[PDB]
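Residues per chain, in single letters:
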2 protein chains.
Amino acid sequence: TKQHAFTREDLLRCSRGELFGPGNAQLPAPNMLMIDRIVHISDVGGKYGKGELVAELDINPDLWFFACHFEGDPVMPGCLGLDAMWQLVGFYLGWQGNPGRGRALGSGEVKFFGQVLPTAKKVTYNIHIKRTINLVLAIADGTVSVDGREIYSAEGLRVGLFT
Amino acid sequence: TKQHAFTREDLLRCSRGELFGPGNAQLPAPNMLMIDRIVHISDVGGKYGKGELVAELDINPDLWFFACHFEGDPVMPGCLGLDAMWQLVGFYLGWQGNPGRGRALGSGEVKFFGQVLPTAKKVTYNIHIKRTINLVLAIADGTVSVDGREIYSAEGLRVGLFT
Ligand SMILES: O=C(O)c1ccc(COc2ccc(F)c(Cl)c2)o1
Ligand SMILES: O=C(O)c1ccc(COc2ccc(F)c(Cl)c2)o1
């Protein structure tokens, strides 16, 4: 609840279990980590007054997923932008000090109506916490934007912690 | 419509653009390809009489995503099992002979209620085509199973081809 932004090094520390400590929420390490920094996190405000995350991923043409997805037609997998939103909701639950390992539990409607090309500069994630329930889980809405343009929406993202 | 099963080599050929030809549907190449084989594909039968895919991914402890997701807590990313279902619906649209590049457009409800651990042997995907629309797109329901046990469901998977 004290720290409201996180550098890449903080997120890498998180991925090693060294931010929330052993048995608690971990981000993936590269190459599954789909966030470079958390610009903002809070447990108040946002769309529902239950908190907000703003996070960023820098794009360059050499990110691994461009070469294989697809050959001659590079586009950041939609599933990985979706996963960034699950990664962030899991981070939020750990950041609130809850114990346990994070799992995505699913979502309501997901829409992909644009793409991240290797010519893009920056992807921004906006997460609005809707509800937490203490079987500890969070429900959230999320958007993915590239260089100012909204391209994905997700309603009812669900993440749980397992102890 | 003639070939009803596909080996890993066929899928790798598909990823290089060499199965449906240039500008048509491509699977991802490794390490984004989340299918080893298509056991069955048809444009008739399934839950809605509009066709079915059955596909498999062999699991071993050395698959790349176990090491980074998460460190000390290996589990196949749910987002990649979801992506296998988008990959298969895209394959179906190309297999029917439609032109254009594949994009996931989203889904209705996704649920993850189990996990793929590095001790699992085989993941099976079952896709039921619900509807196609000719702006060419397919709508489908999907399940992910590990060693006989259903663990994920997705309703209203959507994939489109872009010409
Ligand atoms: O991994 C994918 O399939 C993926 C990433 C992003 C998308 C969506 O692609 C597009 C791309 C352009 C469009 F206009 C629309 Cl309606 C969707 O699909
Ligand atoms: O990438 C993930 O977060 C991921 C993959 C699979 C899952 C779901 O994990 C579980 C694992 C055990 C359970 F009992 C439930 Cl209801 C969900 O989450």
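The deposited coordinates derive from X-ray crystallography, with the record listing a resolution of 1.960 Å.

A. Main features of the overall build of chain A. The helix and strand inventory of chain A stands at three helices and seven strands. For chain A, the sequential pattern of α-helices and β-strands runs α-β-β-α-α-β-β-β-β-β. Taking the principal axes of its C-alpha atoms as reference, chain A extends roughly 45 × 30 × 25 Å. Looking at the 163 residues of chain A, the share that counts as buried comes to 58%. Carbon and sulfur atoms form 52% of the exposed surface of chain A, whose accessible area is close to 6,700 Å². Looking at charge distribution, chain A has the averaged site of its 16 positive side-chain charges lying 7 Å from that of its 17 negative ones.

B. Seen up close, the side chain of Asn 98 of chain B. Residue and element names in this part refer to chain B. If you trace the backbone, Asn 98 turns up in the loop between α3 (78-95) and β3 (101-107). On the basis of relative accessible area, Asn 98 is assigned to the buried category, the value being 14%. Engagement of the side chain of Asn 98 in a polar contact is seen with the backbone oxygen of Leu 93, the distance being 2.8 Å. In this structure, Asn 98 is in contact with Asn 24, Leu 93, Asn 134, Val 136 and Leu 161, ignoring residues within four places of it in sequence.

C. Highlighting the relation of the copies chain A and chain B. After a rotation of 180 degrees and a shift along the axis of 0.0 Å, chain A superposes on chain B with an RMSD of 0.0 Å. Interpreted geometrically, this transformation is the action of a two-fold axis. Interface residue correspondence from chain A to chain B reaches 100%, placing this contact among same-surface, isologous pairings.

D. Main features of helix α3 (residues 78-95) of chain A. All names here are of chain A. Its 18 residues place the ends of α3 26 Å apart at the C-alpha level, agreeing with the 26 Å of an ideal helix rising 1.5 Å per residue. α3 sits mainly inside the fold: 18 of its 18 residues count as buried. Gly 97 occupies a position one or two residues after α3 and carries a positive phi of about 90 degrees.

E. Structural detail: the packing of α3 of chain A against α3 of chain B. Packing of α3 of chain A against α3 of chain B brings their axes to within 9 Å, and their N-to-C directions diverge by 150 degrees. Comparing their axes, α3 of chain B and α3 of chain A come out roughly antiparallel. For the pair α3 of chain A and α3 of chain B, the crossing hand works out as right-handed. Touching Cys 79, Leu 80, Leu 82, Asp 83 and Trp 86 of chain A of α3 of chain A are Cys 79, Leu 80, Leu 82, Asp 83 and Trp 86 of chain B, all from α3 of chain B. When its residues are assigned to classes, the contact of α3 of chain A with α3 of chain B shows eight nonpolar, no polar and two charged.

F. Representation of the site of ligand 2. Contacts to ligand 2 come from 13 residues, most closely from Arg 103 and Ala 104 of chain A together with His 69, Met 76 and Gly 78 of chain B. Nearby residues place ligand 2 at the junction of chains A and B. Measuring from an oxygen atom of ligand 2, one finds a backbone N or O atom of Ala 104 of chain A at 2.9 Å. Contact distances for ligand 2 include 2.8 Å between an oxygen atom and a backbone N or O atom of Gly 78 of chain B.

G. Unusual backbone geometry, seen in detail. Residue and element names in this part refer to chain B. Cis geometry is adopted by the peptide bond preceding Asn 31, which originates at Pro 30 and carries an omega value of 10 degrees. Within the fold, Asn 31 resides in the loop between α1 (8-15) and β1 (37-42). The amide bond that connects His 69 to the next residue, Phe 70, takes the cis arrangement and shows omega of -15 degrees. Mapped onto the fold, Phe 70 is located in the loop between α2 (64-68) and α3.

H. View of the packing of aromatic side chains. The full count for this structure, using the stated rule, is 15 aromatic pairs over all chains. Ring plane angle 70 degrees and centroid distance 5.7 Å describe the contact between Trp 64 of chain A and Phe 65 of chain A, whose orientation is recorded as edge-to-face. Residue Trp 64 of chain A is classed as partly exposed on the basis of its relative accessible area, which comes to 23%. One aromatic cluster is present, built from ring pairs that chain together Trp 64, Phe 65 and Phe 66 of chain A together with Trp 64, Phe 65 and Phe 66 of chain B. We note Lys 130 of chain A situated over the ring of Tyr 48 of chain A; from NZ or CZ to the ring centre the distance is 5.8 Å.

I. Just the site of ligand 1, in detail. Contacts to ligand 1 come from 13 residues, most closely from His 69, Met 76 and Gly 78 of chain A together with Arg 103 and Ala 104 of chain B. At the site occupied by ligand 1, nearby residues are drawn from chains A and B. Within the backbone of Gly 78 of chain A, a nitrogen or oxygen atom sits 2.8 Å from an oxygen atom of ligand 1. Starting from 440 Å² of accessible surface for ligand 1 in isolation, the protein chains cover 83%. Looking at which element gives the most residues to the shell around ligand 1, the answer is β3 of chain B, with three residues.

Reading the values: the criteria
Residues numbered from 1 in each chain as written, not as in the entry; some residues may be left out. Chains lettered and ligands numbered in written order. Heavy atoms only, no water. Helix = DSSP H or I, 4+ residues; strand = E, 2+ residues; numbered from the N terminus. Buried < 20%, exposed > 50% of the residue type's maximum accessible area, 1.4 Å probe, protein only. Areas by Shrake-Rupley, 256 points an atom, 1.4 Å probe, with all protein chains shown as cover. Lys, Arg positive; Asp, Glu negative; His and termini not counted. Charge placed at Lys NZ, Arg CZ, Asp CG, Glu CD. Polar contact = N/O pair within 3.5 Å; in protein donor to acceptor, adjacent residues only side chain to side chain. Contact = heavy atoms within 4.5 Å. Least-squares fit on C-alpha atoms. Expected span 1.5 Å × (residues − 1). Axes fitted to C-alpha atoms, helices over the stretch in contact; angles between N-to-C directions. Parallel < 35°, antiparallel > 145°, perpendicular 65-115°, else oblique. Left-handed = near helix turned anticlockwise from the far one by under 90°. Nonpolar A, V, L, I, M, F, W, Y, C, P; charged D, E, K, R; others polar. Near = heavy atom within 4 Å. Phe/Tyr/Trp six-rings, centres within 6.5 Å; stacked < 30°, edge-to-face > 60°. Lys NZ or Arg CZ within 6 Å of the ring centre and 35° of its normal.

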